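Take a look at the structure set out below.
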Amino acid sequence: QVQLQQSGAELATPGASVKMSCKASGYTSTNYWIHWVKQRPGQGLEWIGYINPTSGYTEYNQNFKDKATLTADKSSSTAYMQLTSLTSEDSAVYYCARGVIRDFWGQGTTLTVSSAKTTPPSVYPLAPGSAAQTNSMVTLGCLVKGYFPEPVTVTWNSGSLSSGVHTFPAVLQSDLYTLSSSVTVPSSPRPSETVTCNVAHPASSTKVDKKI
Amino acid sequence: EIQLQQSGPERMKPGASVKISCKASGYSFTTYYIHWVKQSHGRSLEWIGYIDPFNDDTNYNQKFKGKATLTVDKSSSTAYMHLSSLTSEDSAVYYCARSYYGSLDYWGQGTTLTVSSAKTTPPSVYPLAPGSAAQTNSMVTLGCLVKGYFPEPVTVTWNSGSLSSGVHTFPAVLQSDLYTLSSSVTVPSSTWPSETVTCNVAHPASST
Amino acid sequence: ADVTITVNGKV
Amino acid sequence: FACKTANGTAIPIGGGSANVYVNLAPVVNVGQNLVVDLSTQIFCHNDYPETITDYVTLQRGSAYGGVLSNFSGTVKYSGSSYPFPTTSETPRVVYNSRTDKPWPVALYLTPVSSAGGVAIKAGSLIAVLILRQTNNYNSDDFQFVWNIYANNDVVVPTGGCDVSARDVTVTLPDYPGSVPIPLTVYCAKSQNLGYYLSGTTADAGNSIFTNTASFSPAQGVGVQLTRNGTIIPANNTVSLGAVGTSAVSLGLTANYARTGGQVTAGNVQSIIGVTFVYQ
Amino acid sequence: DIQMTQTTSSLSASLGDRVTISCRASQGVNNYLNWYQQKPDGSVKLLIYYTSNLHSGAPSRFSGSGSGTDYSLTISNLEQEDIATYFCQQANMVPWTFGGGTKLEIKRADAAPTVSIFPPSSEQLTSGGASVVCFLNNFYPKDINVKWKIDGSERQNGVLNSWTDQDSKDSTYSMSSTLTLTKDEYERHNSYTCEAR
Amino acid sequence: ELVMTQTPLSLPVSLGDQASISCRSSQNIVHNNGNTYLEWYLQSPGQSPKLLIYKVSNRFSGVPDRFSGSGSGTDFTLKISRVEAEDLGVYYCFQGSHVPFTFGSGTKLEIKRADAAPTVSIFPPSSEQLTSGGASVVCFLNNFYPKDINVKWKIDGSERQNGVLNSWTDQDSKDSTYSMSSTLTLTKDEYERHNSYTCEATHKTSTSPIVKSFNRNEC
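Okay, structure coming up:
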């Protein structure tokens, strides 16, 4: 059906401006309002406002009245939200919801507002020296530092190992991201086994293989 | 010229159904809405609904939606009010009216509906006397008690109206589905027992 | 002229 | 608040203007003539009855359009009727269910003449209606316009009487025969009626109508109307007396007549207009 | 739905006076308010519609006015024809609703009730019943309270009360009260009293 | 505006039991028309929120019977008769009566399981990183329950708090455990001027910290 398909992913510098889209509407019923909701990483949901595409009536959260402008085009059945003077605080996931009581939500749009440029990852192997660091089983891992943007995918021995492979979510550090991964192997230390963590960064178009 | 004539009073057993009619005359029947109104014993007016005599679309008060049914007969220019599962609470006066400018500008005379399990009963009449003596030198008051009759009405007159003009006849009050009523008369203290003051009671329903 | 009448004929 | 036509098609809301096509069925009546009843043509509902109630009202300035723009009358609206075109704001309709219910609106017209009516062609504008929609949750005040179009050819009676047909074709037999004209008149209320014929006459008494035949016309002959043996000249009033709900025949009969001189064979055709007046 | 409230249920006036009857609506109505009059017998007639328009055939002494959620009806000068009940009705939304009603009455000099009490008739006692009747004739104003007492005690059952309408001539009111007993309990008490408050 | 506060913050349950969550408002949230617009939403891992109950007690078309909303005035509750795998996520209460509309703080409903201590591990900065002028010490804490844990760092026995980053994984969904990593970043010169480093982890299932240390330059 005509359903809420939103934009993709957008990257903008501080200040600047961006316009998002929610591709569904119809000017035949007055109850198909479109709400916009904000979710910051690790926090809850914030209601920004809604617009009635049929009449153009708008409701705004006064905390956003200087930031968000709601509009709708009757031809393409597409609703729009515009954000001005972007800061790092505006990085979040944005949803559009249809109905008087938000009974149908969209997929979501991720926005990151950073001044950093594309940057390749740095790989530093985490080699354990003393077996005392673990107990008759040995842990291994790789460190990824200073890349941008997400995501960097980590696989071990080209996917040959999939047990106990804990890959951790990225953390932002001065607009460059850091990440780490770990695995456990059955008492097969160097060179009894040939573990090799494989790292790929599609945004920088680099695939790197590092041994321990 | 414009007027609405309704059917006469109706008496029904509880749980029965009744159908009132309202004949219109003096205007184009189909070009105006017809509304129905209920007035309870407390004389508060209640709106039932309206019907469009052209296409017969209706609109009901939620208070009456499941009990009332409005219908029309274009050929004879008549409107009907049907009420089902009658209870004692349905006893009231019902009016049909024509609506213009949202006003109900013309009304019928109204129909009285009585819902009761009772059946015809003659009135028992008792006399009232002061007792020991007339305790007032100028005026002395007498009266008659009418009890246990059904249905209404019952007429009262004193000496066929020869000693009227000092008579207060009170409205009937219902009691266990049988009515009761009383009347009063006041005559000069010297005229009684010096004169034959007597009350006459008539109940057409029983012809007595 | 609320009604119009057309009278056809021959000779 | 959404609406759809009697055929299931949805009616768009809040555009530049919405055009709604309906079937007309005018009928003469005492006091007010009916143009179109929209209760059978338009249906509306509410998709969120549990959380919002929609109020719809007919705004001031709603009026007839097209060839009916200069007429006036009344409008039925939700249990009562008001003057039309609307000078004030009508009361509210309530939509609080998902079940389609009729839009309780019907338009009437005030008679202006004896018989007579304006011809409506399919696809011609009939009325421009202004609607205002509000709700009990939002404080939004939305105005939109519906344009009412006819989808069938009809003639709206502008007077208090009607006729069996607005156009009557009859066929005379070859000269010198004659045929009756099946034309009847009835009125919603007792009236004194009379009619007078009109057209291009061709004689002194002006009882004979010119031969209009385009192809191979016959010359020296015309068409002369008569009722019950009497001859009716043009621009002269013929009285019918009291007329009522029972159709009354005019009794006209069409005959050939000879004028000028020598008569020559060919086709014959005349077009005669009948007009009605009160007395 | 929309509720209608008329400020008072009874209004006291005098012939030639200027009276005003007010109505209030729980929410705004676009001047879609109507006024009706009901005669004592029961006949109902429309007086004013759309807040200020008087019906064709009504007296010219009736006038109405008001705005959202506040309306009133006025009579320039009273006549005896105008002693009746009046209702306000809204037509802005369905269902149509009416006011509680306001009844006019003629003002006059106050008067205390004349009281009379009658014992059960021997004819009634032969049938097993027993009813004591009390009359309160020609009192003004309308409102009054009564009580029944037996042998120093008070009883509040088996009593029927009735009231007449205001009398056209005296413009006064009247009332009757009947207390009924079974003959077994009538003769087990010695005194009966009609306490007219 | 008015604040919506939810309780508890986390609701660990086992598959089958009865789960109840509470949402308390700061003020009456009845609309001027008499309807109370209290809503419950569910967000599942990697999915957008979906509606559960739309008028305090009503169930949205298509919501199983497990869910039942109730409450009035200022306190409301959502109850789940029997907990299935499909019910795991973050639950939000929502008020839509007074502008601006507000969401609840959010409550996560997770799996219950038996306690387990963390398999703490430490690693040194790589010699290659020192060749690049950087130095990051990494500490791993794998497979522990419950989700709450605290970690701290020391250098040569001296406690340090600067230059530390912490990361958490969501519930493992296979072991129903949790994992965490800590990274201590140092400059080459400052890393080389100390001889020992320590990662100290405290978990609810112990009276003393799990201490792990190493001597500089392992490989």
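Protein chains in written order, with the entry's author numbering: chain H, 1 to 212; chain I, 0 to 207; chain G, 1 to 11; chain A, 1 to 279; chain M, 1 to 197; chain L, 1 to 219.
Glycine included, each C-beta is placed from N, C-alpha and C at the ideal position.
Query                                                                                                                          : Result
Positions along the stretch 21-32 of chain A whose CB lies within less than 9 Å of some CB in chain G                          : none
Contact set for residue 228 of chain A: own chain, Cβ-Cβ below 6 Å, skip 5 residues either direction                           : 251
Alpha-carbon to alpha-carbon, residue 212 of chain L and residue 150 of chain L                                                : 14 Å
Proximity test, Cβ basis, 8 Å: residue 94 of chain M and chain A                                                               : yes
For residue 206 of chain H and residue 13 of chain A, believed in contact at Cβ under 8 Å, the rounded distance                : About 54 Å separates the two Cβ atoms, so there is no contact after all.
Test: residue 55 of chain L CB closer than 8 Å to a CB of chain A                                                              : yes
Interface positions of the stretch 128-160 of chain A facing chain C (Cβ-Cβ less than 9 Å), listed along the chain             : No chain C appears in the structure shown, which is made up of the protein chains H, I, G, A, M and L.
Per-residue contacts from residue 95 of chain H into chain L (C-beta, under 8 Å)                                               : 48 and 49
Exposure of residue 40 of chain I, with buried meaning 16 or more beta-carbon neighbours within 10 Å                           : exposed
For residue 157 of chain A, the residue or residues it bridges with in DSSP                                                    : A:117
Against chain M: residues of the stretch 7-29 of chain I by CB proximity under 7 Å                                             : none
Continuous beta strand (DSSP E) assignments of at least 3 residues falling wholly in the stretch 21-60 of chain M              : 33-38 and 44-49
Residue 225 of chain A to residue 117 of chain A span [Cα, whole Å]                                                            : 24 Å
Residue 144 of chain L beta carbon less than 8 Å from that of residue 4 of chain L                                             : no
Buried versus exposed, by CB contacts within 10 Å (16 or more), residue 272 of chain A                                         : buried
Extent of the continuous alpha helix (DSSP H) run through residue 184 of chain M                                               : 183-186
Those residues which DSSP pairs with residue 190 of chain L across a bridge                                                    : Looking at the DSSP assignment, residue 190 of chain L forms no beta bridge with any residue, so it has no partner.
Backbone CA spacing between residue 70 of chain M and residue 92 of chain M [nearest angstrom]                                 : 14 Å
Cβ pair residue 171 of chain H, residue 178 of chain H closer than 8 Å                                                         : yes
Residue 32 of chain M at chain A interface by Cβ criterion, 8 Å                                                                : yes
Meets three-Cβ-pair contact criterion under 8 Å: the stretch 108-128 of chain H and the stretch 120-129 of chain L             : yes
Proximity to residue 196 of chain H [Cα-Cα], best of H:176, H:150, H:143 and H:204                                             : H:143
Three-pair Cβ contact test at 8 Å for the stretch 69-83 of chain I versus the stretch 98-106 of chain I                        : no
Stretch pair the stretch 79-95 of chain M + the stretch 112-128 of chain M: three plus CB contacts closer than 8 Å             : no
Residue-level contact to chain H via CB, residue 10 of chain A, 8 Å cutoff                                                     : yes
Residue 58 of chain A versus residue 177 of chain I: straight-line alpha-carbon distance, rounded                              : 53 Å
Nearest-angstrom Cα separation, counted from residue 184 of chain I out to residue 128 of chain I                              : 11 Å
Residue 107 of chain A in three-state terms, based on DSSP                                                                     : strand
Beta strand (DSSP E) runs wholly inside the stretch 50-84 of chain H, at least 3 long, in chain order                          : 58-60 and 68-73
Residue 219 of chain L classed as buried or exposed, judged by whether at least 16 other C-beta atoms fall within 10 angstroms : exposed
Buried or exposed (CB count within 10 angstroms, at least 16 for buried), residue 180 of chain I                               : buried
Interface flag, residue 170 of chain I vs chain M, CB-CB below 8 Å                                                             : yes
Identity of the residue in A:174, A:109 and A:25 nearest residue 264 of chain A by Cα                                          : A:174
Backbone secondary structure at residue 86 of chain L - three-state DSSP                                                       : helix
Cβ separation of residue 211 of chain A and residue 222 of chain A, assumed to be a contact under 8 Å, to the nearest whole Å  : 6 Å
The stretch 191-203 of chain I / the stretch 167-187 of chain M touching (three or more Cβ pairs under 8 Å)                    : no
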